[PDB]
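Okay, structure first, notes after.
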Amino acid sequence: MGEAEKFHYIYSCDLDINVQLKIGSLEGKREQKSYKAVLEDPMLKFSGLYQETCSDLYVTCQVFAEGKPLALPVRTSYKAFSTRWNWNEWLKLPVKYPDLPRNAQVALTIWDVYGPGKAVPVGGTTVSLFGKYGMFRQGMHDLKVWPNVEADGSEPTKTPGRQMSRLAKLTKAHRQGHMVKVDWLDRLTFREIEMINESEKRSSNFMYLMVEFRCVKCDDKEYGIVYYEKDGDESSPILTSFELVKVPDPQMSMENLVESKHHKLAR
Amino acid sequence: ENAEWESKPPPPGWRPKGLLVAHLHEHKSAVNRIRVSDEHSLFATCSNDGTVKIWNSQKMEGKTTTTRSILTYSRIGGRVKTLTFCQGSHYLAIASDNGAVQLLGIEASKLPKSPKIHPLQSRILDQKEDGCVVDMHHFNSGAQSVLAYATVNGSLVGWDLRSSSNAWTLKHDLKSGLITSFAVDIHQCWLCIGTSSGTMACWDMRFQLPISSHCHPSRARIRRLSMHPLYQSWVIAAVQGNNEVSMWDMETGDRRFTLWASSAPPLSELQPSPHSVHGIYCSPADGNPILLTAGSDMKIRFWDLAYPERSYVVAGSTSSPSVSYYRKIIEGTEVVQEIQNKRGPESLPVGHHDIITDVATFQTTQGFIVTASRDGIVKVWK
Amino acid sequence: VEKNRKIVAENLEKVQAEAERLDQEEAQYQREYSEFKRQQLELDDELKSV
Amino acid sequence: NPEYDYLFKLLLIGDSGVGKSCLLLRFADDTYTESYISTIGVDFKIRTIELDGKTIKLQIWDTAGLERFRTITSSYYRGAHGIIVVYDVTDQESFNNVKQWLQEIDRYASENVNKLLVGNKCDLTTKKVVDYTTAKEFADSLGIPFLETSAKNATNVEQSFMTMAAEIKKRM
Amino acid sequence: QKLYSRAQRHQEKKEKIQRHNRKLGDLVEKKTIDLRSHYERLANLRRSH
Ligand SMILES: Nc1nc2c(ncn2[C@@H]2O[C@H](COP(=O)(O)OP(=O)(O)OP(=O)(O)O)[C@@H](O)[C@H]2O)c(=O)[nH]1
Ligand SMILES: [Mg+2]
C-alpha cells in the first residue's frame, strides 16, 4: 500500500562530501543568426551560432555566497552535440555541504566558441542551493537561462533560474504522484498545458538548463540535506541576574592576545 | 475515493408523499436560494427583500407550534441573491446584488438565551470591476475553507475564510455567457460553469485552467448545475424551457439523460415551453438515483432515474390532469418524457402559486423537502 | 529593403494595436452586456411572477 | 465481462522526439503528422484488439520525454502491464538512454512488467545510425522483444502493440 | 474589418437590450399596479364575504 511518512534529513554541516550537480540538457532555441551583425563583425560567422545547429556548448558551474565565489568554476567535459544539447554529466563541485552557507548559489554559464581563444556566454542561470526553508534542492530542476550573459553570482542574483512556470511545477508534482490522478481529467488538462507550452515556445526564445541534484540514500531511505551549523542546538545559557556583576565583560578571563603577540616578537 | 455526496442522505426508498407541514411567508419578495446546513440543523433562505432568514429544521417536525424563522438578517443591503452555509452551522455566507459578500456567524443557542447573527469578514465588489455575486459555493479543502463565488464580470473567485486572501481566481470567458450557475466536484477536482447562453465550461481545479466548453444545442440558459452523484465527468443541467434537466458528459459533451416535461416533442429546439426547472435535488440514495425538480410550472417533480415510469409529481393537486412518464431514445440520449394523460369545498391547494425558485431537503427524523417561491413563500413538505 | 521593411513592420504594429483596442472594447462590452443580461433575466422572471 | 476479456495498460517511454506520440496516433487513430507538439504530462488512447480469440482493451499511455517535464519519481509506470521503450533509430543518444529508461522501468514499474524496445523512424534509412543488429543484440541480451517501427509509413506499428498484448496475455 | 462590424453589431445589441429592459421594467411596474388592484379587489371581496 505504501511506505511510512517519516521525514529523514541530515544536517548540511554533517555531510562532509562534495556537492555534485548534474548538467542535463539545454532546451530551447538560440538567438537565431542575425546576419546584420555578421556584416558588422565578420568574426561572428566563425562562431558556434553560425557554424552548427548545435555547437558543442559547455557549462561552467561555480558556487557563490554573499556575492563571492567559494571556489573555482567547474566545466563540463567536452561532448559533441548534433541535434540536442544533452551533457548528462555529473559535476563534482569543489565545495562540500559543510562549506556551503545558507545563501550559497550555483552560477551556471553556457559557453560557446567565438573565434580562436574566445568563449562567448550563450546564457547564464543561477539557482540557490537551499530552498525557502533551508533544504538543499533535490532532484530534477529546470532553470531559466538568461541570454547572452554569464550567470550572476551576486546577492541577489540578476539571473535567477527559478504560466508555464506554475504549470511545470504542477506537472512535476503530478508525475511524482503528489497530485491526485484523474485519468479523464488529466488527459484533457495536459493537452491545454501542451498548447500553453507551444505558445510559449513560439512567443519567447526562452532556454532551460535542466540540472539535477544527488539524492542521499541510506538503507533505501531518502535524506534531505537541511542547512545547519555545528553547535546550532547550543541555546546559550543566558541568565538575567545582575545582583553583583552589573557590567559583564566578554574578554573577562581570556588570554591577552596583544601581549602574547608581543611576547612572541620580543622574546 | 471517499467523498460523500451528502452528509445525510435521504431514507432508503424515500419517495416524498408531499404533505405540507409549514407554509412560511416571511419575505416580501422572491426567495432566491435555500441552503441546508451540512448537519441539517438549519436551513436558510435569501430574498429580493434584502433579508436572510435562518430556519430551525428541527422545529418543523411534528411540533409546529410556531414555525418562525429563528433569525433574520437584513443589514447587507440590496437583494440577497445567493447564500451558502460553510460546513458547520456557525458560518453562513450571503451575497447581495449591490456587491457585498458577507460571512455571518450563527450562534448556537440554548432556548433560555436568544440566538443571534454576528457579521464576520465582509467583501464589497466594485460594480464596474467585479460585479455582484451570481453563485457561491463553499467547500473544505482540508487546509482551507474556500468560499468560491462567481461574479457578473466573469470572475470565479476562491476566497479562503480562515485567511482573507484568495486561494484562486478563474476568469470566465464572458464571450461564453453570463455565469448563471456553477457546480463544484465533490472530489474538489474540477468545476463546471453554466452560462446564460447555455455554455457549460469546465475548469481543472488542480491546475486552475479551463479544459472544456460544451454548449447546449439550443443555447438555452442554464438555470442549475449540479454534479452527478455517480459519474464524476457528468454534470446535471436544468435548462430554460421545457422543464429540461439534461445530463452531460463533460469528457465528451454528449447528452446522456434528459428530463422533458413539455408539450414540445423531446429534445426539440423549435418551440420551448416557458417553464424551466429552477432547483434540482439529486441523491444517489441506495444506488438508484432520484432527482427532485421544481420551477416555473410550480410543480415539484420526483424523477426515478432508475425506474422512470414511477416518476411522479409531488406538489400539485390531483384535480390537475394526471401524468405518465416514458423512457425513450431520441438522438441516442435516453429521455424520460412526461406526457399529459388525456369535506366542505375542494380542499385548499397546498402547492405553490408562483414560480418555485429552489428546492432543498433536510433530514431531522424523516426526510423533508423545502421549496421557496417568487412571492417569498417557503414551504416544508413531509 | 530595410526601409520598406520598417514601413510594413510599423503598419502591422499599428493595425495590430488597433485589434487590441477593439479587444479591450469588446471586453468592456461583455462586462456591460452581461449586467444588462442579468437584469433582463431577473425582469423576465419578475414579469412571469407578476 | 461482455465488453472485453482483458485490459492491459501499455506505457510508451523514451526520449523526446522519438515518436512516442506518433506511434500512439498511428495505432489508435491511424494518422500521422509532422507537427511536433511535445507531450507534457500524460496522455492515453484506447484501442480494443482481437488476439487469440480474446477481446483485449488496450489503454496505451503516452508520456513526456522532455527532461523539463520529467522527475526522478514516476507514478506513470504504476499499473502498467507493458512498457514500450522507444528510441529514434536516427538518434544514437536516444538508443543510449534506453539503458536509463530500463532502470526507471526496473525501479518504478512492476517486477514482471513486459518490455519492448522499439526503434522508430526506420523509414529514415539514409539518416539511420543505430543498426538493427546493434539493437537486436542489446535487446536479446536483456530478453526484451525488439521491433523497428515507423509511425510515418505505418511500418510494423500494429505488430509492435500486438506483440506486447500477446506477451502480456501469455503472462496473465 | 470584421472586428469593426462586430463592434457595430455589439453596439446595437447593447442599445437593444437597454431599451428592451426598459420595456420590461415599465411592463413589470405597470402590471404590479394592476396586481395591486387585483389584490385590493380580492381583499374587498374576501372582506365582503
Ligand atoms: N521520419 C519519421 N519521423 C517521425 C516518425 N515518428 C515521429 N516522427 C517525427 O518526429 C517528431 C516527434 O514525434 P513525437 O511523436 O511528437 O515524439 P514524442 O516521442 O511524442 O516526443 P515527446 O512527445 O516530446 O515525448 C514528429 O513530429 C515527427 O515529425 C517516424 O516514424 N518517421
Ligand atoms: Mg508524446
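Note on naming: chains are A, B, ... as they come in the C-alpha cells, residues start from 1 per chain, ligands start from 1 in the order shown.
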
Distance limit 8 Å, reference ligand 1, atoms considered: only C-alpha atoms and all ligand atoms. Which residues make the cut? Give them as an NGL selection string. :D and (13-24 or 32-40 or 62-66 or 86 or 120-124 or 149-154)

Which residues are close to residue 144 in chain D, i.e. within 12 Å by only C-alpha atoms, leaving aside same-chain residues fewer than 3 positions away? Reply as a tab-separated table (two decimals) with C-alpha atoms, in the first residue's frame.
```tsv
chain	number	residue	atom	x	y	z
D	82	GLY	CA	3.79	-3.46	-20.55
D	83	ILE	CA	6.20	-0.70	-21.45
D	84	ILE	CA	7.49	0.25	-24.87
D	85	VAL	CA	10.89	1.89	-24.81
D	98	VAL	CA	17.36	3.13	-23.33
D	102	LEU	CA	15.13	0.49	-18.41
D	112	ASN	CA	7.19	-8.61	-14.09
D	113	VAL	CA	6.13	-5.82	-16.42
D	114	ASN	CA	6.52	-6.64	-20.08
D	115	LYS	CA	9.00	-4.72	-22.19
D	116	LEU	CA	9.57	-3.93	-25.83
D	117	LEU	CA	12.35	-1.97	-27.46
D	118	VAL	CA	11.06	-0.01	-30.43
D	135	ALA	CA	19.80	-3.00	-31.10
D	136	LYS	CA	18.77	-6.64	-31.56
D	137	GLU	CA	21.87	-7.84	-29.71
D	138	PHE	CA	21.20	-5.30	-26.97
D	139	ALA	CA	17.54	-6.28	-26.68
D	140	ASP	CA	18.32	-10.01	-26.81
D	141	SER	CA	20.88	-9.65	-24.02
D	147	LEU	CA	10.98	-4.09	-33.39
D	163	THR	CA	3.36	-8.37	-29.71
D	164	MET	CA	3.08	-6.58	-26.36
D	167	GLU	CA	3.17	-11.25	-24.44
```

Could you list the residues in chain C lying within 7 Å of chain E, using only C-alpha atoms, and format the result as a VMD selection string? chain C and resid 22 33 36 40 43 46 to 47 50

Please identify the strand (DSSP E) residues within range 19-257 of chain A (assignment by DSSP from backbone atoms) and present them as a VMD selection string. chain A and resid 19 to 27 58 to 65 68 to 69 74 to 75 85 to 96 105 to 113 119 to 128 139 to 147 207 to 213 216 to 218 221 to 226

Find the residues near residue 358 in chain B: any atom within 12 Å, counting only C-alpha atoms, skip ones fewer than 3 places away on the same chain, and give them as a PDB file with C-alpha atoms, in the first residue's frame.
```pdb
ATOM      1  CA  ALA B  30     -38.893  36.364  -4.176  1.00  0.00           C
ATOM      2  CA  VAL B  31     -36.721  33.925  -2.316  1.00  0.00           C
ATOM      3  CA  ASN B  32     -33.665  33.134  -4.403  1.00  0.00           C
ATOM      4  CA  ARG B  33     -31.938  30.183  -2.687  1.00  0.00           C
ATOM      5  CA  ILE B  34     -32.409  27.703   0.137  1.00  0.00           C
ATOM      6  CA  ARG B  35     -29.329  26.124   1.628  1.00  0.00           C
ATOM      7  CA  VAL B  36     -29.441  23.486   4.344  1.00  0.00           C
ATOM      8  CA  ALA B  44     -31.543  29.458   5.283  1.00  0.00           C
ATOM      9  CA  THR B  45     -33.364  31.440   2.609  1.00  0.00           C
ATOM     10  CA  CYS B  46     -32.238  34.616   0.871  1.00  0.00           C
ATOM     11  CA  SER B  47     -34.544  37.093  -0.765  1.00  0.00           C
ATOM     12  CA  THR B  82     -27.235  33.770  -3.024  1.00  0.00           C
ATOM     13  CA  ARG B 223     -30.653  27.533 -14.556  1.00  0.00           C
ATOM     14  CA  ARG B 224     -28.845  24.977 -12.392  1.00  0.00           C
ATOM     15  CA  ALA B 238     -31.505  22.445 -15.525  1.00  0.00           C
ATOM     16  CA  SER B 276     -37.955  25.752 -16.566  1.00  0.00           C
ATOM     17  CA  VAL B 277     -36.561  23.863 -13.623  1.00  0.00           C
ATOM     18  CA  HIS B 278     -35.121  26.350 -11.178  1.00  0.00           C
ATOM     19  CA  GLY B 279     -33.974  23.964  -8.489  1.00  0.00           C
ATOM     20  CA  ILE B 280     -32.801  20.351  -8.634  1.00  0.00           C
ATOM     21  CA  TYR B 281     -32.067  17.893  -5.850  1.00  0.00           C
ATOM     22  CA  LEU B 292     -36.403  16.344  -7.439  1.00  0.00           C
ATOM     23  CA  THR B 293     -37.249  19.304  -9.678  1.00  0.00           C
ATOM     24  CA  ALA B 294     -39.347  22.410  -9.185  1.00  0.00           C
ATOM     25  CA  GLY B 295     -39.716  25.510 -11.256  1.00  0.00           C
ATOM     26  CA  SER B 296     -41.791  27.829 -13.391  1.00  0.00           C
ATOM     27  CA  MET B 298     -44.923  25.322  -9.803  1.00  0.00           C
ATOM     28  CA  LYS B 299     -44.779  21.506  -9.806  1.00  0.00           C
ATOM     29  CA  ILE B 300     -42.412  19.585  -7.547  1.00  0.00           C
ATOM     30  CA  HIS B 352     -47.130  26.930  -4.758  1.00  0.00           C
ATOM     31  CA  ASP B 354     -45.820  31.297  -8.081  1.00  0.00           C
ATOM     32  CA  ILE B 355     -42.539  30.105  -9.645  1.00  0.00           C
ATOM     33  CA  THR B 361     -34.031  18.669   1.511  1.00  0.00           C
ATOM     34  CA  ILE B 369     -38.412  18.958   1.189  1.00  0.00           C
ATOM     35  CA  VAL B 370     -38.198  22.740   1.345  1.00  0.00           C
ATOM     36  CA  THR B 371     -39.378  24.760  -1.648  1.00  0.00           C
ATOM     37  CA  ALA B 372     -39.426  28.531  -1.989  1.00  0.00           C
ATOM     38  CA  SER B 373     -41.369  30.667  -4.451  1.00  0.00           C
ATOM     39  CA  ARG B 374     -41.068  34.009  -6.231  1.00  0.00           C
ATOM     40  CA  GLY B 376     -41.475  34.797  -0.745  1.00  0.00           C
ATOM     41  CA  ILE B 377     -43.359  31.723   0.395  1.00  0.00           C
ATOM     42  CA  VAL B 378     -41.253  28.874   1.761  1.00  0.00           C
ATOM     43  CA  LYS B 379     -42.980  25.527   2.156  1.00  0.00           C
ATOM     44  CA  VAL B 380     -41.780  22.452   4.008  1.00  0.00           C
TER      45      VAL B 380
END
```

Go ahead and compute the interatomic distance for CA of residue 142 in chain A and CA of residue 129 in chain A, in Å to one decimal.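 Between CA of residue 142 in chain A and CA of residue 129 in chain A the gap is 13.7 Å.
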
Near residue 199 in chain A, within 12 Å and counting only C-alpha atoms, which residues show up once chain neighbours fewer than 6 positions away are dropped, as a list in words? residues 163, 164, 192, 193, 205 and 206 of chain A; 37 and 38 of chain D

Can you pull out every residue within 6 Å of range 53-61 of chain D, counting only C-alpha atoms, but drop anything in the same chain fewer than 2 positions away, and send it as number ranges by chain? D: 4-11, 43-51

If I take CA of residue 35 in chain A and CA of residue 108 in chain A, how far is one from the other in Å, to one decimal? 28.1 Å

Counting only C-alpha atoms, which residues from chain B have an atom at most 6 Å from any atom of chain C, and could you show them as a PyMOL selection string? chain B and resi 153+174+178

How close does each residue of chain A get to chain D, giving the shortest atom pair and distance in Å to one decimal for every residue with an atom at most 6 Å away, counting only C-alpha atoms, sorted by chain and residue number, as CSV?
```
residue,atom,partner,partner_atom,distance
A:140,CA,D:71,CA,5.7
A:142,CA,D:68,CA,5.7
A:175,CA,D:74,CA,5.5
A:176,CA,D:73,CA,4.9
A:177,CA,D:75,CA,5.3
A:187,CA,D:43,CA,5.2
A:190,CA,D:41,CA,6.0
A:194,CA,D:40,CA,5.8
```

Tell me which protein, DNA and RNA residues are within 6 Å of residue 132 in chain B, counting only C-alpha atoms, leaving out same-chain ones fewer than 3 positions away, and put them as a ChimeraX atom specification. /B:97,99,151-152

Pick from B:42, B:205, B:267, B:220, whichever lies nearest to chain A using only C-alpha atoms: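 Once distances to chain A are computed over only C-alpha atoms, the minimum belongs to B:205.
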
List as a list in words the protein and nucleic acid residues near residue 236 in chain B, meaning an atom at most 7 Å away when only C-alpha atoms are counted, but skip any in the same chain fewer than 6 places from it.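 Final neighbour list, sorted by chain and number: residues 225, 226, 227, 228, 245, 246, 247 and 248 of chain B.
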